[PDB]
Amino acid sequence: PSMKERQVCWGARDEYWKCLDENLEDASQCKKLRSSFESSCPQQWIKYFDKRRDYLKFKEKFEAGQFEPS
Amino acid sequence: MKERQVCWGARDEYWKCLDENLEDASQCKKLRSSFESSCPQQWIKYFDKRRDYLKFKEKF
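Residues numbered from 1 in each chain as written, not as in the entry; some residues may be left out. Chains lettered and ligands numbered in written order. Heavy atoms only, no water. Residues with missing side-chain atoms left out of burial classes, pairs and counts.

Looking at the entry header, you'll see X-ray crystallography listed as the method and 1.65 Å as the resolution.

Pasting the structure below:
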């Protein structure tokens, strides 16, 4: 994709993630920004970003559990 | 701390099984059982998501 298209893809991924972060992962609340993300990014990049998101979220859950024993 | 070393070792042995069998997890079911038995559930989910990510990142 062009430099512009890459920036629009990365910004649409940032807005979608920012949606999921702020709204405590309710993803049926970010269907508009998910559409924008899917329309803006190469299919391979959407797959890469979704897998990276899952990794980072579960890593955060893992490190949280270690820092705050109950 | 022992339990923690055991879980990391189990995750290493399972992952090395996946590497040697080109990611056919069905070839590594006994090591998968050992991994699940040695690690907290929260950790297994983290490691599984790391593995899914790193294997996909390899195509690039």
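Anyway, onward from the coordinates.
A. Quick peek at the overall build of chain A. Helix and strand counts for chain A come out as 3 helices and 0 strands. Computed over C-alpha atoms, the radius of gyration of chain A comes to 14 Å, more than 25% over the 11 Å expected from 2.2 N^0.38 for 70 residues, which places it beyond the range of a compact globule. With respect to the three principal axes, the spread of C-alpha positions in chain A is 50 × 20 × 15 Å. Considering only contacts in chain A between residues 6 or more positions apart, those separated by 24 or more positions represent 56%. (Helix = DSSP H or I, 4+ residues; strand = E, 2+ residues; numbered from the N terminus. Rg over C-alpha atoms; globule rule 2.2 N^0.38 Å. Contact = heavy atoms within 4.5 Å.)

B. Structural context of the nonpolar core. Of all hydrophobic cores here, the largest spans 28 residues; its most connected members are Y16 and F37 of chain A together with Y14, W15, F35, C39 and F47 of chain B. The set of elements that each furnish at least two residues to this core consists of α1 (3-22) and α3 (43-67) of chain A together with α1 (2-20) and α3 (41-57) of chain B. If near-sequence neighbours (up to four positions away) are discounted, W15 of chain B is found in contact with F47, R50, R51 and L54 of chain B. (Core = buried A, V, L, I, M, F, W, Y, C linked by side-chain atoms within 4.5 Å. Buried < 20%, exposed > 50% of the residue type's maximum accessible area, 1.4 Å probe, protein only.)

C. Spotlight on the pattern of salt bridges. Within the structure shown, the criterion is met by 15 salt bridges over all chains. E25 of chain A is paired through a salt bridge with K57 of chain A; the nearest N and O atoms lie 3.6 Å apart. You can see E25 of chain A sitting in the loop between α1 and α2 (31-40) and its partner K57 of chain A sitting in helix α3, a full 32 residues away along the chain. A salt bridge links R51 of chain B to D19 of chain B, with the shortest nitrogen-to-oxygen separation between them at 2.6 Å. Of this pair, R51 of chain B sits in helix α3 while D19 of chain B sits in helix α1, placing them 32 residues apart in sequence. When its relative accessible area of 6% is taken as the criterion, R51 of chain B is described as buried. Via salt bridges that share partners, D21, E25, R53, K57 and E60 of chain A belong to a single interconnected network. (Salt bridge = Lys/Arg side-chain N within 4 Å of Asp/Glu carboxyl O.)

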